[PDB]
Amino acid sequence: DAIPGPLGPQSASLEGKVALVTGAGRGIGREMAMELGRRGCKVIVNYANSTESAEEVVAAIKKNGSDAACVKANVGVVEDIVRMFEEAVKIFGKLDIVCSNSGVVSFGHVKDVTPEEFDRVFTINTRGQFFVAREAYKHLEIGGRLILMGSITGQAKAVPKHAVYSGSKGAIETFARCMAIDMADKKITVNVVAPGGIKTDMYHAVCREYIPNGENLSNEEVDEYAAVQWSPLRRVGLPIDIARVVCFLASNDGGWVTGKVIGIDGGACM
C-alpha cells in the first residue's frame, strides 16, 4: 500500500503548520507554543487573563523565527470558544493543530466539596475541553491534530482529597477514545497527553498537597521529593518534557497514534 507521508527526518517536521494552544500565556502551555514554534509552526496563543504573559510569548515566538498571534477567550464560556476559532482561522488562514491545554486544580475531602467548586473545575477541565474539541473538529484541516490535556491523576491510586480534579481529567481519557472515531471522518487524530507533575505555577501552588506531610517542605525539599519519589529517573519533570511529546503527536510520526493516552511521567506511580 501507499506510504503515508515522507520517509526520514522530514516526517517530524511541523514547518508550515498553524497551531492553536489554549492557555498559552504560562505553564506547560507557554512551552507548548514555544516548542511548536521552534519546530516551524505558526502559533496562536490563547489566554484568559495573562495578557502581558500572552503578548510576551508572541514576541518570543517571532524572535525565534516563526509567526504568532494571540487570541483572548474564556474556555468556560462556549460563546468565547466559538469566537476564538472564527478569528483563529482568519489570522493565518488555516488550522492544523489544536492543543487543549487550559485547566485548573482543586483539593478537598469528598465531604467538603461544594456544588460551586465542583462546577468550577468541571466547567473548565471537562466541559471546556469538549467544546474546544468540538470547534477544533469543525475548523481543522483534513488530517489535522487534536491533543487533549489530561493528568496522571486520571489513573492514580493513592492521591487523597482529589476526586473532583481526578474525575475531570479521567473523563478526558474517555473523550479521546470516542472522539477518535467521530473526528476520523476528517482524518483528524485525537490523543490525550497525561503529564505527571511538572514545574509550573500550578506545581508551586499545590505540589505539597500531593506529598504526605509536606506543609513544612521547603521549595528545594519539594523538588527533592518529586524527583526521588515520583521517578526512577530521579528528576523533576519540566514543561519541555510534555512539549516534546506534543510535537511528536502533531507531526506525521503520530499519524497512526489515535485514541490513545500517552502518559508523560518519569515512570511515576501515584
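All residue numbers are counted from 1 along the displayed sequence.
**Student:** Compare the other PDB entries of this protein and indicate whether residue 213 is left unmodelled in at least a third of them.
**Tutor:** Residue 213: unmodelled in at least a third of the other compared entries.
**Student:** Does residue 222 have no coordinates in at least a third of the other PDB entries examined?
**Tutor:** Yes, residue 222 lacks coordinates in at least a third of the other compared entries.
**Student:** Taking the recorded C-alpha temperature factors, which stretch has the higher mean, 6-14 or 245-253?
**Tutor:** Per the PDB entry, the higher value belongs to 6-14.
**Student:** Report the stretch with the higher mean CA temperature factor, choosing between 156-164 and 194-202 on the basis of the entry.
**Tutor:** Between 156-164 and 194-202, it is 194-202.
**Student:** Identify, among 68, 60, 33, 211, the residue whose C-alpha carries the highest B-factor in the deposited PDB entry.
**Tutor:** Comparing C-alpha B-factors across 68, 60, 33, 211, the maximum falls on 211.
**Student:** For residue 186, return the chain-relative third of its C-alpha B-factor as stated in the PDB record: lowest, middle or highest.
**Tutor:** Residue 186: CA B-factor falls in the lowest third of its chain.
**Student:** Could you say whether, by C-alpha temperature factor, residue 240 belongs to the lowest, middle or highest third of its chain?
**Tutor:** Lowest third of the chain for residue 240's C-alpha B-factor.
**Student:** Is the Cα B-factor recorded for residue 112 in the lowest, middle or highest third of its chain?
**Tutor:** Middle third by C-alpha B-factor.
**Student:** Ranking every modelled residue in this chain by its Cα temperature factor as given in the entry, which third contains residue 21?
**Tutor:** CA B-factor rank for residue 21: middle third.
**Student:** Going by what the PDB entry lists, where does residue 143 fall on CA B-factor within its chain: lowest, middle or highest third?
**Tutor:** As the PDB entry reports it, the C-alpha B-factor of residue 143 lands in the lowest third of its chain.
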